[PDB]
Amino acid sequence: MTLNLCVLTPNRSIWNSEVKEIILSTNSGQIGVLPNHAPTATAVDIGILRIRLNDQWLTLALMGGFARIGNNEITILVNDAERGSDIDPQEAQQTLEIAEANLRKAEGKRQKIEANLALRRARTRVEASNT
Amino acid sequence: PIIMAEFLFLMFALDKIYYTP
Amino acid sequence: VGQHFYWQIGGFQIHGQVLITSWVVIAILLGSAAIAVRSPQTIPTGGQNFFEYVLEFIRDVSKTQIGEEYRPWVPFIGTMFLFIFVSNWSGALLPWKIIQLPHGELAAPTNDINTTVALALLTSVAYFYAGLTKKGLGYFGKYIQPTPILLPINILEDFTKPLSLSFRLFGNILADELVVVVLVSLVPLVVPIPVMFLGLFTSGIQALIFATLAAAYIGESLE
Amino acid sequence: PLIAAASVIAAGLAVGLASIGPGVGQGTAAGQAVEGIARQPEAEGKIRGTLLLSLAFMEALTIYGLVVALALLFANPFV
Amino acid sequence: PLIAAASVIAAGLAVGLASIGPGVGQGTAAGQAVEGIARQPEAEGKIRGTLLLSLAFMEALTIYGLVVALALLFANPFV
Amino acid sequence: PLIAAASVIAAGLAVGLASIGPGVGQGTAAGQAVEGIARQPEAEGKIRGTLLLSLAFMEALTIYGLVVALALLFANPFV
Amino acid sequence: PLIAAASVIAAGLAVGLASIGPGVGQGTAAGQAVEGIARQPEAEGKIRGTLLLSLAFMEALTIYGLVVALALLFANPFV
Amino acid sequence: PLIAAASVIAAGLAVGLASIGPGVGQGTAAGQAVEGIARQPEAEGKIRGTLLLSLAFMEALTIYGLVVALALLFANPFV
Amino acid sequence: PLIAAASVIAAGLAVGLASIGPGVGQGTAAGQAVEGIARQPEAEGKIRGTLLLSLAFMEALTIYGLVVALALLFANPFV
Amino acid sequence: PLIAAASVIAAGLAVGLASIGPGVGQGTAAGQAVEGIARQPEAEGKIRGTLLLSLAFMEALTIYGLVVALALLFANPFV
Amino acid sequence: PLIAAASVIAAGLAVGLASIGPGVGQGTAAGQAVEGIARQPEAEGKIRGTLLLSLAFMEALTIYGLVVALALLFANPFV
Amino acid sequence: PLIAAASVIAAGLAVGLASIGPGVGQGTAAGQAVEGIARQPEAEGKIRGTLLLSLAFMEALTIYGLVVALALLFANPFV
Amino acid sequence: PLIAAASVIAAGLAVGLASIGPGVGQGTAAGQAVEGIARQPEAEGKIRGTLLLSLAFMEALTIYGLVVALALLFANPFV
Amino acid sequence: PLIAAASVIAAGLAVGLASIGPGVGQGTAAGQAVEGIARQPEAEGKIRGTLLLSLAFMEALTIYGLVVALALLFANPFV
Amino acid sequence: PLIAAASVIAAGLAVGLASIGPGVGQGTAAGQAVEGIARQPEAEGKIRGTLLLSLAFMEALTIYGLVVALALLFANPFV
Amino acid sequence: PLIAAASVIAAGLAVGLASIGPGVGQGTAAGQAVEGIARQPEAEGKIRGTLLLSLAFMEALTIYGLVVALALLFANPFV
Amino acid sequence: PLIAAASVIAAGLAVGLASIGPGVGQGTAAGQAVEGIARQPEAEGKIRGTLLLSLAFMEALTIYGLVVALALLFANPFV
Amino acid sequence: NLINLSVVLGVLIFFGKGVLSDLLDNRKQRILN
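The rules behind each value
- Residues numbered from 1 in each chain as written, not as in the entry; some residues may be left out.
- Chains lettered and ligands numbered in written order.
- Part of a larger assembly, values for the part shown.
- Heavy atoms only, no water.
- UniProt positions renumbered as here; feature names shortened; annotations may be inferred.
- Helix = DSSP H or I, 4+ residues; strand = E, 2+ residues; numbered from the N terminus.
- Buried < 20%, exposed > 50% of the residue type's maximum accessible area, 1.4 Å probe, protein only.
- Contact = heavy atoms within 4.5 Å.
- Areas by Shrake-Rupley, 256 points an atom, 1.4 Å probe, with all protein chains shown as cover.
- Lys, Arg positive; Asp, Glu negative; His and termini not counted.
- Charge placed at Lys NZ, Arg CZ, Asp CG, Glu CD.
- Pairing = 2+ DSSP bridges.
- Core = buried A, V, L, I, M, F, W, Y, C linked by side-chain atoms within 4.5 Å.
- Buried area = accessible area lost by both parts, 1.4 Å probe.
- Salt bridge = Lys/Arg side-chain N within 4 Å of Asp/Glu carboxyl O.
- Polar contact = N/O pair within 3.5 Å; in protein donor to acceptor, adjacent residues only side chain to side chain.
- Nonpolar A, V, L, I, M, F, W, Y, C, P; charged D, E, K, R; others polar.
- Patch = residues over 30% accessible without salt bridge, like charges linked within 9 Å, V, L, I, M, F, W, Y side chains within 5 Å.
- Axes fitted to C-alpha atoms, helices over the stretch in contact; angles between N-to-C directions.
- Parallel < 35°, antiparallel > 145°, perpendicular 65-115°, else oblique.
- Expected span 1.5 Å × (residues − 1).
- Domains from an automatic or database assignment.

Within the PDB entry, the label attached to chain C reads ATP synthase subunit a, chloroplastic, and the organism entered is Spinacia oleracea. This entry carries the title "Chloroplast ATP synthase (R1, CF1FO)". The record in UniProt for chain C states the following under Subunit: "F-type ATPases have 2 components, CF(1) - the catalytic core - and CF(0) - the membrane proton channel. CF(1) has five subunits: alpha(3), beta(3), gamma(1), delta(1), epsilon(1). CF(0) has four main subunits: a, b, b' and c." Word for word, the UniProt comment on chain C under Sequence similarities is "Belongs to the ATPase A chain family."

Looking at the PDB entry, one finds chain A named ATP synthase epsilon chain, chloroplastic, with Spinacia oleracea as its source organism. If you open the UniProt record of chain A and go to Function, you find "Produces ATP from ADP in the presence of a proton gradient across the membrane."

This is how it looks when you write it as structure tokens:
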């Protein structure tokens, strides 16, 4: 009743099941996909990939990557996608406080980009583990 | 004038008789 | 074509269209609301379903806009929605060319000055009162911290916004009256058939946009 | 006299400069609508909703102009 | 005199300037519609339905201008 | 007198140059609106609401012009 | 007399200002249509049909201008 | 006389040549606002607040034009 | 007579303003046609059909302008 | 004296030709500002601050037009 | 008298407001044609076929204007 | 005397045209300024500095328009 | 008298408005041609051929107006 | 008389048409300069240098217009 | 006489509208030519060659305008 | 006499038109110049030299306008 | 006499509409030339040579306008 | 007014209830299930 969806980290296929409604947080913002979407191959930011199983709305925790929409056979090549919600938010905020802390000490030019990406990944981790 | 007064009466009365139920 | 008044003196020269149209439209609106709220069931039955659908519409458009305390202004904005709705439908439907009046005409409440400027004035009184309520009593939203120039323009916009909404209602309902009167004055009414649909659509969405524009401005009063 | 001639010039130019704007208006609005229809064949109903709504508003613009010209021609107070 | 001259010149310019708007309108709209078809053939019917509705509305602008021009031409109550 | 001709020609120019402007505004507004519906339907209510609001403001501009247009056409104290 | 001259110049500017717009409209629509049929060879029939419908509505606008030009030219109830 | 009627001619011409500007501006702001409602529907409330600031300044512009546009017809301190 | 003067000026302006549209349309249309031929060397049959058909449609537009001019010039029912 | 009529026409044209430009100007400004707050949900304070400064300057432009037109209408040294 | 001078002014303006068109027409057509040439030179034959055909139709428009200007010059049926 | 009418119409057109250009100037300026503010949360200080310099310069241009209008109105050396 | 004066005004207007368009046309064709040549020089003979043919057709489009103006200045069979 | 009044209208139109273009030019230069500043915040010194140089050359254009207007107002060697 | 005044005004507007459009053409051609020079320094020679042939034929157009306008000025066979 | 008035109108109009175009010329030149400077601040010397060359040339355009205005106003051989 | 007034108006409009086009031309040429230098500063000499050639071609067009103006002003055979 | 208005009266009594009934059916099946 929907398009084929395969979320694929480098090492494995996370899960290749099909679900109805997906909100794809791109570099251009959130975009919703439909079953029988016309093919759009976009990018994906360090953000939130929300799905909809037509029975319950669920979020997926990913750390970036790339997406492709095809003839109802869509493939999303991600960086670090942990299936569903595997973590609880207490250790998430224990990672948020230390990421914002080490942002200060990591102040050199490369450490700017490094701490900023660690921050954008901790923020997507916590806003994925809210549910 | 009396149109404003009648609008006010209509709205207070209709509120009381019509909204919370 | 006769829109001024008739000489039913009551202390001052008062408009006749204003009086009779607004009085009868308020009367039929309260007759619709009151007789069907006498015996309501817990299930949304025949008319109660329609009335509760209207009221949850007002609940949504009042919950999304203003702030944390829109519910006491839900009666005001909801009676405003109902007034504009039924007055637009009565102007589109209720026959007032077969009935003749010796001194003037009788088409709708918003055709004249009084029952649009009264809506503007009541909303503006509500905005000033709600601003002196939610904010302090020394200086309302006029006071300029960041810019040393916006002090007069603050009261100037607080003066020119209600009249602007009034002129919106003017340019809607007077235009609709012109459409209907010239379109029935063309020839027998075989021509108004496609135009009636556009008039109905515009009248309904006119009611909706007046509702959300009242909501936005009590939102500014809250802000 | 001259008032009817000037009035009907006003009506003709009124209809022309009514059809100026809503033309390109409905053009861009409906073009984006029919493109986004191919982009999403699932919210076709809501695309039709916003499309009919906005197209009807631009038809309302041109009927504003049409009715002020129609009152200049047929139902006018002066001449 | 000058009244019928004004009437016919008003009708000519009224049917004239009624065109530039809906022309580029229908142009861009049909371009985005055919691009939608070429990007996906599956929603041809909904594409062409919203397309024809918008086209009947640009043509509604056009026939509005035309009926003012023709009632200006033939059934001119002034002269 | 000719003052009526002056008033009505000013009315025609007023309503025409009024109906020119906000039509393409409504157009590009509705166009980015339908592109937004095709992009993400999860805020369909907000897209519909802001559509209603901004189209209302644009028709409001045109009728801000139209009230003076009808004051010069129909209800004039000058003539 | 001047009325005939006014009717002929009205027909001339009628076909002119009626022919300015749908030209560029037809151009944009057909350019994107040929780009679409160059992109995909499957939907050619539906593309050509819908383009024929839209381009013929544009021709309908221009022939509305043409028949105002012809009615002002041949049979005017003023001249 | 013509010297006083130039005031109402200037009134019609003024409102006509004033109202054109805010239409495309309201349309651009509305389009980018609803495109933002499409892109990020979470911060859309703050976007609506900035849209309220935009509506405030746009309505300020247009109503401040309308006050003097009506002052042309109402108050003639010249004559 | 001034009738024939305005008539031939009408033919001149008719062909002038009937030639501005189809030129500025066929330009982008045929440019995108060659662009699509350069996109895919297989759909050239349908691209040729659509391009020649639409460029002949704008040919038809400019010859509508030309036949208005030639009816004004050769076969003038008034003069 | 004709100086009063020239003054009132100059005031009307000043208001119109000062209301043309800044309208689409502030539209572009507010459009890119709402697309910006749509991109980032964080820098909204500086967005509102800089947009308020630029909108105040554009209001200053239109109010420049309005106050010189007011010095034309009420407080003019010539008439 | 006035007839031949009016015919000659009409011919001059006709060829001028005609050549303001297909100039930019042929320009954009040839620009996109040569861009497609240096993008895909695989279909040079069909590219040049469409190029010559398009440029010939623009030449057809401009020579329509040219032959009607020539008929306004040489064989004026009035004078 | 005609010199006062000339002075006031010249001042009105001067202020109108001087408000025309910097409108869209400041429009694109504020649009790209807030787009930069939105893309980067770092350099609000110097972005505001350069934006304020450009705004003060363009408003110096529109007060060039204002001072020439005022010198025509009050401190008119001819009357 | 006035006929030869009208002929020379017509010639000047003809060459002016026949010189506007082809300049822009030749320019955009040249720009796209040189962009394509920088992208890929492999068909330099073919590129030169197609571009000189396009420039020949645009210079034909303007030499049309030039020879009609020389028929207006040197050998006018009316005067 | 007429010489001084024409000098006044000339000065007003001069300052207007020399104020329009600098508006849009300075605005687009300012917007793109601020976007470039957001692109790199490192060399804002040189960015400011070239921005102020171009802004001051455009301001030199506006004060060229200002000084010819002031010579047309005060230091008029004719009258 | 009026014939020589016609000649001089025709030559002025002839050089004017000979100068309007070729400026835009030469600009877009030159800018995209230097864009190609910086894109690829391998096609440099025939980049130069196409630039030269193109700007030379556009110069042929503007000198066509120059020579017809100087034929209106210095060697007039009529007056 | 009318020669002085015609001269002063031509001079004001001349400096206006000769200023208005190079304005947005220098504006787009400066916009792309600073956007390129923030692209790479290495070539800043040659960048500034070339933009100075072009800004000197557009200022040469506007001082050509200025010097013909001065030659028309002060050192005029006729009046 | 009227001949000198016509000659000076033609001269002023000649300088204006002569400097108009080269302004935007030179501007676009400069902007894309400096963006090219910022893209790759390798061929700075070739780029500067083509830039001076292009800007000098536009200077040639405005020098054509300048020498036509100087013929109208100083060595005018008519006046 | 007789047959002119009758088509939109029929459109009301049928189509308005038809478009209200499906959304009411969705909300009733929601609350009941």
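Once that is clear, we can look at the overall build of chain C. Helices and strands together make up the secondary structure of chain C, namely 6 helices and 0 strands. The secondary structure elements of chain C, listed N-terminal to C-terminal, are α-α-α-α-α-α. In terms of overall dimensions, chain C has a C-alpha envelope of 65 × 45 × 40 Å along the principal axes. Buried positions account for 43% of the 223 residues belonging to chain C. Nonlocal contacts in chain C, meaning residues at least 24 apart in sequence, comprise 68% of its contacts between residues at least 6 apart. Of the roughly 11300 Å² that chain C leaves accessible, carbon and sulfur atoms contribute 70%. If you average the places of the 10 positive and of the 13 negative side-chain charges in chain C, the two averages end up 5 Å apart.

The number of helices and strands found in chain A is 2 helices and 9 strands. In sequence order, the secondary structure elements of chain A are arranged as β-β-β-β-β-β-β-β-β-α-α. Taking the principal axes of its C-alpha atoms as reference, chain A extends roughly 50 × 30 × 25 Å. Across the 131 residues in chain A, those meeting the buried criterion constitute 42%. For chain A, the centre of its 15 positive side-chain charges and the centre of its 15 negative side-chain charges are spaced 6 Å apart.

Right, let's get into the pairing of strand β3 (residues 22-25) of chain A. Residues and elements named next belong to chain A. By the alternation rule, side chains of β3 split into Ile22 and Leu24 and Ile23 and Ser25, which are all buried. Inspection of the sheet shows β3 paired to strand β4 (residues 30-33) by 4 bridges, in the antiparallel sense. Along β4, the bridge assignment pairs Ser25 with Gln30. What sits between β3 and β4 in their antiparallel hairpin is a turn of 4 residues, with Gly29 showing a positive phi close to 115°. With 2 bridges connecting them, β3 and strand β6 (residues 48-52) associate as antiparallel partners. Its bridge partner lying in β6, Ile23 is registered against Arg50.

With that out of the way, let us pick up the nonpolar core. With 187 residues, the main nonpolar core has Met80(C), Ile47(I) and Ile47(P) as its most contacted residues. A per-element tally of this core places helix α6 (residues 192-222) of chain C first, with 12 residues. With near-sequence residues (within four places) excluded, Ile47(P) lies in contact with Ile37(P), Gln40(P), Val34(Q), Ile37(Q) and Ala38(Q). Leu13(E), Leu13(G), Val15(G) and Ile20(G) belong to the second-largest nonpolar core, a separate cluster that totals 54 residues.

Time to look at the interface of chain E and chain G. With 42 residues of chain E at the contact, the number on the chain G side is 42 residues. Between chain E and chain G lies a buried interface of about 3400 Å² when both sides are counted; carbon and sulfur atoms form 77% of it. Of all residues in chain E, the largest losses of buried area upon contact with chain G belong to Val8(E), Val34(E) and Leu73(E), amounting jointly to 15% of the total for that side. For the interface between chain E and chain G, the tally reads 0 salt bridges. Across the chain E-chain G interface, the total number found is 5 residue pairs in polar contact. Among the secondary structure elements, those contributing two or more residues to the side of chain E that touches chain G are α1 (3-16), α2 (20-39) and α3 (44-73) of chain E. Broken down by class, the residue content of the side of chain E that touches chain G amounts to 26 nonpolar, 12 polar and 4 charged.

A common way to report how large an interface is uses the accessible area buried once the components associate. Listed by partner, the interface residues are 6 residues for chain A and 4 residues for chain F. Summing both partners gives a buried area of about 420 Å² for chain A against chain F, and 40% of it is carried by carbon and sulfur. On inspection of chain A and its partner chain F, the count reaches 0 salt bridges. Counting every contact that joins chain A to chain F gives 2 residue pairs in polar contact. It is β4(A) that contributes the most residues to the side of chain A that touches chain F, 3 residues altogether. In terms of residue class, the side of chain A that touches chain F is built from 3 nonpolar, 2 polar and 1 charged.

Here the focus is the UniProt feature "transmembrane region" in chain C. Residues and elements named next belong to chain C. UniProt feature "transmembrane region": in the numbering of this structure it lies at residues 17-37, 74-94, 113-133, 178-198 and 199-219. Taken end to end, residues 113-133 is 95% helix and 0% strand, and its two terminal C-alpha atoms sit 30 Å from one another. In this annotation, residues 199-219 is assigned 100% helix and 0% strand; the end-to-end C-alpha distance for the span is 30 Å.

Let us now look at the environment of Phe78(P). Within the element layout of this structure, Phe78(P) appears in the segment after α2 (44-73). Separated by 71 residues in the primary sequence, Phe78(P) and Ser7(P) place their C-alpha atoms 9.2 Å from one another. Once residues lying within four places of it in the same chain are set aside, the contact partners of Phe78(P) are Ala4(Q), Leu72(Q), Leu73(Q), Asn76(Q) and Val79(Q).

To continue, consider a nonpolar patch on the surface. The grouping of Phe197(C), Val7(R), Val11(R), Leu12(R), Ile13(R), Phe14(R) and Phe15(R) at the surface amounts to a nonpolar patch, some 730 Å² of accessible area in total. For the nonpolar patch, the element with the most residues is helix α1 (residues 4-32) of chain R, which contributes 6 residues. Mapping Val7(R) onto the fold places it in helix α1.

On to the packing of helix α2 (residues 22-39) of chain K against helix α1 (residues 3-39) of chain M, then. Running from amino to carboxyl end, α2(K) crosses α1(M) at an angle of 5°, the nearest separation of the two axes being 7 Å. As summarised for this structure, α2(K) and α1(M) are arranged roughly parallel, according to the angle between their axes. The segment α2(K) lies against α1(M), with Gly23(K), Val24(K), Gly27(K), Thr28(K), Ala30(K), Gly31(K), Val34(K), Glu35(K), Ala38(K) and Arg39(K) engaging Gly21(M), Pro22(M), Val24(M), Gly25(M), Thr28(M), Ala29(M), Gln32(M), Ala33(M), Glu35(M), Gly36(M), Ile37(M) and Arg39(M). Here the residues of the contact of α2(K) with α1(M) sort into 9 nonpolar, 9 polar and 4 charged.

The next thing to look at is helix α1 (residues 2-39) of chain J. Over its 38 residues, α1(J) extends 56 Å from the first C-alpha to the last, a length consistent with the 56 Å expected when each residue adds 1.5 Å. Taken across its 38 residues, α1(J) has 31 buried, putting it largely inside the fold.

All names here are of chain A. As summarised here, the arrangement of the 5 strands in space is β2-β1-β9-β8-β5, forming an open sheet in which the pairing is mixed. The open sheet is flanked by β2 (13-15) and β5 (43-44), the only strands paired with a single partner. Where strand β8 (residues 65-68) and strand β9 (residues 73-78) come together, 4 bridges link them in antiparallel fashion. Across the sheet, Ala67 pairs through a bridge with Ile76, a residue of β9.

A few words on the domain arrangement of chain A. Residue and element names in this part refer to chain A. Looking at the assigned domains, one finds that chain A contains domain 1 (1-87) and domain 2 (88-131). Between the C-alpha centres of domain 1 and domain 2 the distance comes to 23 Å. Contact with domain 1, which involves 13 residues of that partner, is made by 12 residues of domain 2. Interface of domain 1 and domain 2: buried area, both sides summed, is about 1000 Å²; carbon and sulfur atoms make up 60% of it. On the domain 1 side of the interface with domain 2, the three residues burying the most area are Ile46, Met63 and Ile87, jointly 55% of the side's total.

A few words on the side chain of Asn76(H). Mapped onto the fold, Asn76(H) is located in the segment after α2 (44-74). Other than its neighbours up to four places away in sequence, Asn76(H) contacts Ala4(H) and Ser7(H).

Mapped onto the secondary structure, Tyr64(I) falls in helix α2 (residues 44-73). Other than its neighbours up to four places away in sequence, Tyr64(I) contacts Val15(G), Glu59(G) and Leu66(G).

So, about the arrangement of the chains. With respect to C-alpha atoms, chain J approaches chain K no nearer than 27 Å, and the pair has no contact. Separating chain B from chain L is a minimum C-alpha gap of 43 Å, and the two share no contact.

There is a patch of like negative charges on the surface, built from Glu68(C), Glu69(C), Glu220(C) and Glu223(C). Along the polypeptide, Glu223(C) turns up in the segment after α6.

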